[PDB]
Number of protein chains: 6
Amino acid sequence: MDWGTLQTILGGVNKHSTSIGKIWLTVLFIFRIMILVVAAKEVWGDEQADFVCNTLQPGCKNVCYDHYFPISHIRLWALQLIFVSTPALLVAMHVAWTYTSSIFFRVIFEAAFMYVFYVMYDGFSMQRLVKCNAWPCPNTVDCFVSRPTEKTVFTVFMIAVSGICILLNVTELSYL
Amino acid sequence: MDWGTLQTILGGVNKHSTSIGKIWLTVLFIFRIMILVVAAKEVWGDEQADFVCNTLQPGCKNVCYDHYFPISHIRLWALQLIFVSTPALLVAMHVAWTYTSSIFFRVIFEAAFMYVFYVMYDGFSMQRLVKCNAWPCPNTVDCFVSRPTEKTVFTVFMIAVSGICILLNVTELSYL
Amino acid sequence: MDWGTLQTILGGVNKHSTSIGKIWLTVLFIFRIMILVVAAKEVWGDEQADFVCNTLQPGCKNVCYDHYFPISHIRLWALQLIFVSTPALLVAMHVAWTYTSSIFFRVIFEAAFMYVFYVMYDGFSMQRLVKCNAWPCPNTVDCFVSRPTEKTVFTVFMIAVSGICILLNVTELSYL
Amino acid sequence: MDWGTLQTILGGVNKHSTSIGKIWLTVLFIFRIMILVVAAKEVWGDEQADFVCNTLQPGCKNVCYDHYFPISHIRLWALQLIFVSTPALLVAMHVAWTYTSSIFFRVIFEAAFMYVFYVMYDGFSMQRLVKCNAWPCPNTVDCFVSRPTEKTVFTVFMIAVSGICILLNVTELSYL
Amino acid sequence: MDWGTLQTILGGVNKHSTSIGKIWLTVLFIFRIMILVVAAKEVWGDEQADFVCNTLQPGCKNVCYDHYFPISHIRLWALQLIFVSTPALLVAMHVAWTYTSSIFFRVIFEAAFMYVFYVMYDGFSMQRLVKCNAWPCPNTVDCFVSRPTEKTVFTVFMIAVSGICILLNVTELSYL
Amino acid sequence: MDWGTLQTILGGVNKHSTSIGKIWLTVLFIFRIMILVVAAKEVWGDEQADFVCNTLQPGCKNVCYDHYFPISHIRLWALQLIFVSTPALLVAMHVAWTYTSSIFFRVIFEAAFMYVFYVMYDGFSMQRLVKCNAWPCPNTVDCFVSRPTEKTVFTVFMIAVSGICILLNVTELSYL
């Protein structure tokens, strides 16, 4: 891939005691894109052949995999970014009803993804072994995970990023 | 990949009490492209090695796989987009027989994909286990699925998107 | 991949009661490229590990695979496109012996691929089970297929596309 | 990929009773590039997991694979093209010691690849089963191939292309 | 991929007895990008199917893999680069609070990645066999590695690069 | 990929009885890039699943693989090119301490890679079977290779290329 190949005329800088946010926020935008693609198919890209189930039950790997991973972290992120992406191309150029409502959209989205995330991954963690007692899964069986530490780390990162994103997003939203 | 690298001169905005749709609709277009590619080969990209059949019948996985998945969701989407894509490059620039018939085409296509979809995936769902009683499949056998929840989610999304696409598509088609 | 990243100066449109074809035909060209790459290695890309032969004969999968699939559909297509591709870059710009003979080439190629296709895939179909009685294949054995429905669908599409390609190709070839 | 995205100013055409070759030859160049990439990793791209050896000898697949396929067809082609590629960018623009020697280089290379090819693939063919009696391969064993017909076809094509390449290459080399 | 396709107007060179660093540092930047992508998914890209565990314990490969590889080297690098990347696009053009603090950021990051690295890979090495005594891993079991020498080599390289990066980074930071 | 898409203004040619080298050397540069990428992940790209070890020792494939292949040929090449790459972008434009020292760097690097190579692959060859007597590898075991002939061929090529690279590199370095 390659994303962004024309940014040369940016001599105009800020002078006020504000609009520091847009710097921080474009930086976090670009950042999160890199951070994503660089580790995109490269942490969670694997986790299909990595959910070993101690059994001889047919299918129970698939069963428990959806049971505990309806969706992977990186998708909720990918979405979180895209919904939080549309205000970016908006704020690309501003001076001359929406504009600040773009800022607010950007806030509330990111908030939503945080909440529903912690609803799903309660404990902000990756259990080393998830058991499973699904229908075909004849009793409570065991179902492993690879690299739970890893995924936990990058999750801590992205959530911290979400917090700072919103804090400057809102710190300039709160101009009154 | 990278799609779209020249859009700078768009200072001209709308002033009437209409043409809000074209904003919404170009946004939904770009959106659905991202939404697609980001999760393109990344939800349904897997589902070949993910249709476990409890048996010892040769081939019965392939048999039942085509039996229940003639085609995957994402293809019907891919098509739905492309047939609904041609009016986009048309409406790229408009002011000066087709033009509104492009709008109507865009409506009726998306409608068609909705209908035939629900004909095929009746119940707007992903069954956790599809049985199968095909010729080689000696009796009614079991044939699993992975991530049925996941696919169900993104299907709910794309169908909602279809509804809103058409509603603004038609809301401006209905100018009289 | 990415194909085509410079098309901006196309303000000049047609005014006659003809040259509608070139619109349709460039559209079908671009279309078929997308249609291809999007589903390229994604329907027939699999079909090597998908030709289960009920036997214990060594090699009989390979034997019968070539026996019934000398070549896959998508190759005959790929070729069909490429031979039908050279007139495209020709007709890129036209006004000022070949020019109409390019049109005729484009016709007759596509016709040829249709005929030889139906010679090979007689019945415009994908049999769910092909038997096989090759030399090593000790008796008439069974040899399965995956997703025969799928491949049948996309074949119906590409052949319909061929028909319309030629019909406008020739409708403007028939100017007299 | 994408190769070639700037060719617009070519209004100047030929008027003599020659230089038809450069048309044919640039066309064959572009052609062979397409023809290659389209079927590049798509006929011979597979043939690693496709050389079944009826045995229980360890390694004998690798052994016999190198034994009968030191190198695949498509590499000899890839090279054949590249060595025959350098005169192309040379002849990109010509009018104002090398120039005709570029033409001759282009001839003799393509000739060489033809000869050494037929030295290696004697019979211009793909045997359905190659036996093998290598050291570890304990007796004469059997070692299969997939799609030998296919590869034979595309080989017939590329060799015919080589013949016509040289014939026009030389027909204009023979100007005296 | 392709990164960087517009750098032509650089006739202005340095004349002082300093700013040699920016040459060295842009070179190391570009370098490390190449060095990365060229060997990116090509040394550590494999190491999922390469951690053989002498056992019959289910999952113990995944268990011990995360146990000893929470994260691979190349990720810590990828990050190290990206955090050390933002000052680069800053120092792209300079003459006319941040500017030198960008230099200092660039220092301290790279330092941090060095330290935490050696915390994790103590001994600046790749053990040929890591044992493992995890919960499911019933006793102390054995768990192999592939190419430990290789990875050790490229690690020695990247750490040396870090040292020189910082030494010139700081040698020009230390201007007083 | 695609590398190099702007080279049009090169009407200025050489007239002296020298600077033939820069032609040869840019050609060899471009060449080696093509030669690489075309066969890059396509000869040595495989050799992970291709090192069959006649045993029942766990891990002994990995063990002996690193034992005999610390690093693959194509990496030593990749490096050899990159270290020999920096003088290229330097010599892109020259007329108006480094310049000739770039030439000398280019020499001595390529020399180094030759020497250390032959230190490692002594005999300029690919043994059809490497035995192995590592710790876990319980006795002297056997460990196979695929396509040793192939790799030998392309190695002969790249080393010859190195020789000619240096000979013209130095023939113009030796101007006095």
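Rule-based calculations on the coordinates, nothing more; no lab input. Quick reminder, even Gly has a Cβ in these numbers, built from the backbone with ideal geometry, and neighbours come from all protein chains shown.
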Inset, instruction - Test D:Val63 against the criterion of being facing another protein chain (nearest Cβ under 9 Å), over 14 Å from the mean Cα position of the chain (by Cα), in a helix (DSSP H, G or I) and surrounded by fewer than 20 Cβ atoms within 10 Å (Cβ to Cβ), and give yes or no. - result: no
Inset, instruction - Check whether at least one residue in region E:143-153 is within 30 Å of E:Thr55 (Cα to Cα), buried (at least 17 other Cβ atoms within 10 Å of the Cβ) and touching a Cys at 6+ places or on another chain (Cβ under 8 Å), and report yes or no. - result: yes
Inset, instruction - Scan (1) in contact with a helix residue (DSSP H, G or I) (Cβ under 8 Å, 6 or more places away or on another chain); (2) assigned to a loop (DSSP other than H, G, I, E, B) for the single condition F:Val95 breaks and write down its number. - result: (1)
Legend entry - Counted residues, region D:13-46 - those being within 23 Å of the chain's Cα centre (by Cα) and more than 10 Å from chain C (Cβ to nearest Cβ): 12
Inset, instruction - Could you grab me the full set of residues in region B:133-165 that are over 23 Å from B:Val37 (Cβ atoms) and among the hydrophobic types (A, V, I, L, M, F, W, C)? - result: B:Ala134, B:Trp135, B:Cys137, B:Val141, B:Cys143, B:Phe144, B:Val145
Inset, instruction - Being more than 14 Å from chain F (Cβ to nearest Cβ) and surrounded by 15 or more Cβ atoms within 10 Å (Cβ to Cβ) is the filter here, so list the residues in region D:114-136 that pass it. - result: D:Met114, D:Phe117, D:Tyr121, D:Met126, D:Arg128, D:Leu129, D:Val130, D:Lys131
Inset, instruction - Could you tell me whether D:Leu10 is within 11 Å of chain F (Cβ to nearest Cβ) and either surrounded by fewer than 13 Cβ atoms within 10 Å (Cβ to Cβ) or in a helix (DSSP H, G or I) (or both)? - result: no
Legend entry - From the options B:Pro87, B:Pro70, residue that is within 11 Å of chain C (Cβ to nearest Cβ) and out of contact with any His (no Cβ under 8 Å at 6 or more places or on another chain): B:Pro70
Inset, instruction - Take region D:90-145 and flag every residue that is touching a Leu at 6+ places or on another chain (Cβ under 6 Å) and among the hydroxyl-bearing types (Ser, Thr, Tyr). - result: D:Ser102
Inset, instruction - Scan region E:16-37 and give yes if some residue there is hydroxyl-bearing (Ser, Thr, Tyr) and under 30 Å from F:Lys61 (Cα atoms), otherwise no. - result: no
Inset, instruction - Consider C:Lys131 carefully, then state whether it is under 26 Å from B:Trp135 (Cβ atoms), touching a strand residue (DSSP E or B) at 6+ places or on another chain (Cβ under 7 Å), outside any helix (DSSP H, G or I) and of a type outside the set (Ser, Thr, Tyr). - result: yes
Inset, instruction - Working only within region F:1-51, note down all residues that are under 30 Å from F:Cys64 (Cβ atoms) and basic (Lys, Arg). - result: F:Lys41
Legend entry - Of the criteria (1) touching a helix residue (DSSP H, G or I) at 6+ places or on another chain (Cβ under 8 Å); (2) within 30 Å of F:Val52 (Cβ to Cβ); (3) within 14 Å of chain C (Cβ to nearest Cβ), which one D:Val161 fails: (2)
Legend entry - Number of the condition not met by D:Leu25 [criteria: (1) closer than 26 Å to D:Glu172 by Cα; (2) out of contact with any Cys (no Cβ under 8 Å at 6 or more places or on another chain); (3) not small (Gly, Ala, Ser)]: (2)
Legend entry - Looking only at region C:48-60, and only at residues there that are more than 8 Å from every other protein chain (Cβ to nearest Cβ) and assigned to a loop (DSSP other than H, G, I, E, B), the one that is surrounded by the most Cβ atoms within 10 Å (Cβ to Cβ): C:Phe51
Legend entry - Residues satisfying the stated conditions in region F:137-149, i.e. more than 9 Å from chain D (Cβ to nearest Cβ) and either outside any loop (DSSP other than H, G, I, E, B) or within 22 Å of F:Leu76 (Cβ to Cβ) (or both): F:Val141
Inset, instruction - Would you mind stating whether A:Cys165 is of a type outside the set (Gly, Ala, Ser), over 30 Å from A:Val84 (Cα atoms) and surrounded by 13 or more Cβ atoms within 10 Å (Cβ to Cβ)? - result: no
Inset, instruction - Could you please give the count of residues in region C:108-128 that are among the charged types (D, E, K, R) and part of a loop (DSSP other than H, G, I, E, B)? - result: 2
Inset, instruction - Could you grab the pairs with beta carbons closer than 6 Å, sequence gap of 6+ or different chains, first residue in region A:110-139 and more than 14 Å from A:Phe51 (Cα to Cα), second one part of a loop (DSSP other than H, G, I, E, B) and among the aliphatic types (A, V, I, L, M)? - result: A:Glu110/A:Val84
Legend entry - Residues of region D:1-25 classified as farther than 25 Å from C:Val37 by Cβ and in contact with a helix residue (DSSP H, G or I) (Cβ under 8 Å, 6 or more places away or on another chain), total: 8
Legend entry - Subset of region B:94-128 (residues that are within 30 Å of A:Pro70 (Cα to Cα) and over 16 Å from the mean Cα position of the chain (by Cα)): B:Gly123, B:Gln127, B:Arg128
Legend entry - Members of region B:98-107 that are part of a helix (DSSP H, G or I) and exposed (fewer than 13 other Cβ atoms within 10 Å of the Cβ): B:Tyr99, B:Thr100, B:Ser101
